[PDB]
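K.L.:
Handing you a structure now.
Number of protein chains: 2
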Amino acid sequence: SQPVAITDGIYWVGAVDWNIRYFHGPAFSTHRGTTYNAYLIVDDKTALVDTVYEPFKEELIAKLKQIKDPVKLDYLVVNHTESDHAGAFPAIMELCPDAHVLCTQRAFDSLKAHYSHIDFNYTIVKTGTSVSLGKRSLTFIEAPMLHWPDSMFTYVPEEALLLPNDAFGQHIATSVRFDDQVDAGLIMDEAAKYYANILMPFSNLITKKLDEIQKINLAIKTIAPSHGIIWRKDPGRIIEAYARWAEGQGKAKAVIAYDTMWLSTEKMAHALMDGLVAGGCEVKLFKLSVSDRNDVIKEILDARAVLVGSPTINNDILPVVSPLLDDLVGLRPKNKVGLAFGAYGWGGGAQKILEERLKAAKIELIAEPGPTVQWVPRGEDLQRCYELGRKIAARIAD
Amino acid sequence: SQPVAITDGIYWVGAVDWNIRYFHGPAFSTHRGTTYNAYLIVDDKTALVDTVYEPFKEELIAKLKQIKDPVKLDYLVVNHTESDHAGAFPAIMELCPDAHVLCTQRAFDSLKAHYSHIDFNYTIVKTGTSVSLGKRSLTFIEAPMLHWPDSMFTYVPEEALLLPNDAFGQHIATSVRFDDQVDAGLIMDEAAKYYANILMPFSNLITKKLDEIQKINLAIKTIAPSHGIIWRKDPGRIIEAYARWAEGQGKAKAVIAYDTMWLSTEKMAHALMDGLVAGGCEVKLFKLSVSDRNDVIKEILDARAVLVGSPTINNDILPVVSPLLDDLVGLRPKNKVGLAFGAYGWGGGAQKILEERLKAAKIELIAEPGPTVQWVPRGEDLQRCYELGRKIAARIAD
Ligand SMILES: Cc1cc2nc3c(=O)[nH]c(=O)nc-3n(C[C@H](O)[C@H](O)[C@H](O)COP(=O)(O)O)c2cc1C
Ligand SMILES: Cc1cc2nc3c(=O)[nH]c(=O)nc-3n(C[C@H](O)[C@H](O)[C@H](O)COP(=O)(O)O)c2cc1C
Ligand SMILES: [Zn+2]
Ligand SMILES: [Zn+2]
Ligand SMILES: [Zn+2]
Ligand SMILES: [Zn+2]
């Protein structure tokens with residue numbers, strides 16, 4: 002209800018969403034809700050950075066009024082136009098028709114598309130352009146595909162404050178606002194779940210952007226994303242993390258996701274696992290119909306190996322295994338080795354589909370024609386899987 | 002606990018599984034449990050038809066012993082070798098090592114695969130072979146792929162009793178055993194849920210099989226499946242139902258399955274629905290992340306149109322929509338018209354995938370390049386969808 006000062010004249014005026022359990026419709030599971038972060042920079046001219054998810058506009062406005070009532074607003078920065086950040090645009094614009102919009106070109110197009118019927122003053126910004134607010138100013142950095150084509154970060158020189166919008170955020174609801182008021186390991190895990198499910202496909206763009214920021218030698222003292230905690234005590238940690246994740250070196254870990262109807266594919270999953278562990282490798286095993294897809298993807302970000310298994314039903318794979326596969330193809334895991342496996346009763350069919358989809362995700366099969374078994378595994382069948390797991394372990398070496 | 006007599010000398014000795022909520026691993030959802038039906042025919046020689054899911058072997062044996070304790074068993078018929086019916090094979094075979102197995106060739110192969118280490122006396126049966134038990138006898142009818150390659154039905158002429166194993170069954174748990182002690186509409190619906198998710202792919206085989214039985218002019222006075230209620234009062238209904246479902250004529254109904262992240266695909270689903278309803282069509286609308294895939298498939302059995310929609314995320318379809326698509330390809334719905342639709346932000350990509358998978362399920366698209374919208378629908382966009390729903394209605398005619 003109350004705004005929170007990041008420093009004098011700079012306030013967090015977002016909204017906390019405790020009860021939301023799924024983001025992007027079904028796409029992302031938020032076991033602990035999330036927040037919609039918006040920032041108010043007060044000066045000779047005052048600027049509001051991003052807005053809020055439409056259902057929380059009241060909270061935005063109520064917080065704005067707590068800093069200064071008749072909401073002033075000279076500039077309204079729109080770093081991103083998805084709905085969780087631009088949904089309260091009509092309301093804010095209605096509250097200050099004179100507000101000057103600062104956004105990218107693609108942003109401007111999106112904004113006219115999602116709202117039209119709303120006229121407003123503006124200026125398309127590009128990497129490097131800068132507006133002054135008086136004592137402080139805000140410069141911009143275009144971030145195409147650093148989630149969306151319209152994406153961009155805002156930087157406040159005078160304070161070394163970076164406002165990347167989605168980048169560096171984590172989906173978590175707390176009444177506390179800063180990284181130093183939260184458990185280090187828990188918040189870094191949320192951050193990884195975030196990266197893995199949203200930024201994984203743009204890993205190469207992340208390093209490029211990180212380097213650009215590195216060259217220009219930008220001083221970053223605090224990072225305020227659009228979701229979650231504000232990295233005020235140690236931005237370095239999250240920046241180093243993004244670099245490692247985007248590089249994709251990985252860790253000597255393997256994720257095995259699968260499902261079964263009568264346990265044979267499971268017995269194979271188990272043997273494969275034993276081989277992987279014997280080869281000195283950490284293993285995470287997921288029975289998909291009982292695990293969270295986003296929690297599985299998060300584990301894959303650091304894994305060097307991804308094994309997926311399934312029996313064949315009606316000459317296809319088991320439908321619970323589909324989500325993970327189409328999600329992998331779209332997320333484009335970088336630098337991963339893999340394997341498909343599973344049982345069958347007569348003709349088979351799921352193995353082709355599994356290898357097809359795994360290759361479409363650019364994951365290199367450690368073995369064209371993966372382990373397959375008819376009806377039930379026998380001693381040598383499980384032994385072969387064990388050896389295979391041992392092979393994968395040797396390659397994921399480290 | 003107690004066996005139930007179907008008629009003197011013929012008893013139901015199966016087990017009721019009240020708490021199972023998912024069958025075939027994740028594949029089939031059993032909102033109300035299921036049962037594993039097995040029958041004991043007593044005569045000069047006594048025969049047991051099918052056994053029971055391994056975890057319920059004690060109930061089987063306990064029931065057998067209440068009929069006659071030293072379990073006698075001269076013949077053990079194995080109509081089907083999946084585990085829900087042959088899981089207690091070891092235990093029965095160890096209780097009567099001399100039992101004579103009567104099964105198909107493919108059954109015999111499966112049996113040696115899933116068990117080996119168990120030898121038993123037997124005789125491969127074919128359509129027409131018949132064994133006598135004294136006063137009554139049992140004749141067999143091979144039923145390849147009427148679910149499994151090893152499937153077959155058992156017929157007891159003296160009583161006009163058909164024991165089809167899975168065919169004609171329904172996944173439902175009740176303490177009552179017969180169709181006349183259950184609501185007609187509820188049991189027929191469960192029967193349809195069953196047919197749609199298991200038998201839909203073999204609808205052509207179903208009519209052939211129904212015809213062969215028709216010509217041979219078999220007197221069926223009672224049908225005792227391997228799951229659910231026993232059709233003892235009106236076998237006709239369930240046989241006529243299978244005929245109509247297998248035929249695939251359908252009904253003037255349309256199923257629309259979809260999901261969205263921001264509501265545009267939903268608004269399109271809505272428009273398409275209005276057109277379909279305006280054209281005199283019944284419509285079932287399913288938001289996939291909140292509906293039961295099996296419940297959705299059941300509705301498609303009767304539908305003449307199947308519309309599937311999805312926005313595009315990372316150049317792919319939304320992962321929640323995958324299960325239904327791969328399940329439709331494998332189930333091969335007979336004689337269906339369809340359409341794919343959805344929104345997108347820039348490049349698109351889900352429409353291609355949707356149409357491909359829809360074709361792969363041999364569903365005739367009522368329009369290659371289905372309705373697609375960028376960002377949000379505008380008036381003409383929804384109008385167009387409305388017209389399309391209107392068009393499909395016209396074809397679904399009736
Ligand atoms: C409804 C159902 C449909 C099936 N369809 C096929 C099929 O099309 N092709 C095949 O080769 N096996 C088929 N099977 C057999 C399974 O692939 C086989 O039983 C396997 O051992 C099960 O693997 P699991 O124990 O890992 O679940 C089917 C089994 C069931 C229950
Ligand atoms: C995480 C996320 C990833 C996206 N990826 C793509 C993409 O690869 N290609 C595209 O054309 N649009 C993409 N979009 C844009 C959506 O397709 C677009 O916003 C659409 O309007 C959402 O459909 P809906 O309102 O039915 O949920 C993406 C949107 C989000 C939120
Ligand atoms: Zn409040
Ligand atoms: Zn082990
Ligand atoms: Zn009991
Ligand atoms: Zn309406």
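Heads up: the sequence lines are chains B and A, in that order.
Taking PDB author numbering, the leading residue of the first sequence gets 2, the next gets one more, and so forth.
Taking PDB author numbering, the leading residue of the second sequence gets 2, the next gets one more, and so forth.
Ideal placement from N, C-alpha and C gives every residue a C-beta, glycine not left out.
#1: Does the beta-carbon of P312 (chain B), which I'm using as the reference point, lie nearer than 7 angstroms to any heavy atom of ligand 1?
#2: Short of 7 angstroms in beta carbon distance, which residues of its chain neighbour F24 (chain A), apart from the five on each side in sequence? Order them along the chain.
#3: Any heavy atom of ligand 2 closer than 7 angstroms to the CB of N315 (chain A)?
#4: CB of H271 (chain B) to nearest heavy atom of ligand 1: below 7 angstroms?
#5: With 16 other CB atoms within 10 Å as the buried threshold, where does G26 (chain B) fall?
#6: Under 7 angstroms from any heavy atom of ligand 1, does the C-beta of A344 (chain B) make it?
#7: State buried or exposed for residue 1 (chain A), treating a residue as buried only when at least 16 other CB atoms are found within 10 Å of its CB.
#8: Within 8 angstroms of any Cβ in chain A, is that where the Cβ of residue 1 (chain B) sits?
#9: Which of the three DSSP states, helix, strand or coil, is assigned to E143 (chain A)?
#10: Would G280 (chain A) and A395 (chain A) be called neighbours here (beta carbons separated by less than 8 angstroms)?
#11: Beta strand (DSSP E) containing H101 (chain B): first to last residue?
#12: Are the CB atoms of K64 (chain B) and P4 (chain B) within a distance shorter than 8 angstroms?
#13: What residue range does the beta strand (DSSP E) around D328 (chain A) cover?
#14: Thinking C-beta only, is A161 (chain A) closer than 8 angstroms to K222 (chain A)?
#15: Near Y123 (chain A), what residues of its chain come up, given a Cβ to Cβ distance below 8 angstroms and the 5 sequence neighbours on each side ignored?
#16: Between the stretch 2 to 31 of chain B and chain A, which residues of the former have CB atoms less than 8 angstroms from a CB of the latter, in chain order?
#17: Please report how far the alpha carbon of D235 (chain B) lies from the alpha carbon of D180 (chain B), in whole angstroms.
#18: Is it buried or exposed, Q352 (chain A), if we count other Cβ atoms within 10 angstroms and call 16 or more buried?
#19: So the candidates are A:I7, A:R33, A:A28 and A:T8; which of them puts its Cα closest to the Cα of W19 (chain A)?
#20: Output the distance between the C-alpha atoms of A341 (chain B) and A89 (chain A), rounded to the nearest integer angstrom.
#21: Taking the DSSP output, what are the residues bridged to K136 (chain B)?
#22: Would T261 (chain A) count as contacting chain B if we go by Cβ distances under 8 angstroms?
#23: If I measure Cβ to Cβ from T313 (chain A) and keep anything under 6 angstroms in the same chain, skipping five residues before and after, which residues do I get?
#24: Rounding to the nearest angstrom, what Cα-Cα distance links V297 (chain A) and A258 (chain A) in this structure?
#25: So, are the CB atoms of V53 (chain A) and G10 (chain A) less than 8 angstroms apart?
#26: What residue range is occupied by the uninterrupted beta strand (DSSP E) comprising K254 (chain A)?
#27: Are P320 (chain A) and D327 (chain B) close, meaning C-beta to C-beta below 8 angstroms?
#28: Would residue 1 (chain B) and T155 (chain B) be called neighbours here (beta carbons separated by less than 8 angstroms)?
#29: With a threshold of 7 angstroms (Cβ to nearest heavy atom), would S2 (chain B) be considered close to ligand 3?
#30: Give the DSSP-derived three-state secondary structure of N295 (chain B) in the structure shown.
#31: Taking 7 angstroms as the cut-off, is the beta-carbon of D382 (chain B) closer than that to any non-hydrogen atom of ligand 4?
#32: Taking three-plus beta-carbon pairs below 8 angstroms as touching, is the stretch 261 to 273 of chain B in contact with the stretch 383 to 390 of chain B?
#33: Does ligand 1 have even one heavy atom less than 7 angstroms from the beta-carbon of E300 (chain B)?
#34: Examine ligand 6 and report whether any of its heavy atoms sits within less than 7 angstroms of the Cβ of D275 (chain A).
#35: Is any heavy atom in ligand 2 found nearer than 7 angstroms to the beta carbon of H25 (chain B)?
#36: Closer than 7 angstroms by C-beta to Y12 (chain A): which residues in its own chain qualify, once you throw out the five before and the five after it? Chain order, please.
P.N.:
In short, the structure shows the following:
#1: yes
#2: So the qualifying residues of the chain are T31, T35 and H172.
#3: yes
#4: Remark: the shortest separation between the CB of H271 (chain B) and any heavy atom of ligand 1 does not fall under 7 angstroms.
#5: If you draw a 10 Å sphere on the C-beta of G26 (chain B), you find 16 or more other C-beta atoms in it, and that means buried.
#6: yes
#7: Missing from the structure shown is residue 1 (chain A); chain A here goes from 2 to 399 and no further.
#8: This structure cannot settle anything about residue 1 (chain B), because the visible part of chain B is limited to 2 through 399.
#9: strand
#10: yes
#11: Per DSSP, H101 (chain B) belongs to the beta strand (DSSP E) from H101 to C104.
#12: yes
#13: It is not in any beta strand (DSSP E) - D328 (chain A) instead sits in the alpha helix (DSSP H) that spans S323 to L332.
#14: yes
#15: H101, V102, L103, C104 and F109
#16: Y23, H25, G26, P27 and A28
#17: 8 angstroms
#18: buried
#19: A:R33
#20: 31 angstroms
#21: Answer by DSSP bridge pairing: none, since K136 (chain B) is not bridged.
#22: yes
#23: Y345, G349, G350 and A351
#24: 8 angstroms
#25: no
#26: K254 to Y259
#27: By the CB criterion at 8 angstroms, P320 (chain A) and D327 (chain B) fall inside the cutoff.
#28: Chain B is shown from 2 up to 399; residue 1 (chain B) falls before or after that span and cannot be answered.
#29: yes
#30: helix
#31: no
#32: yes
#33: Checking the Cβ of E300 (chain B) against ligand 1 gives no.
#34: Yes, ligand 6 has a heavy atom inside 7 angstroms of this Cβ.
#35: yes
#36: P4, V5, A6, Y40, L41 and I68
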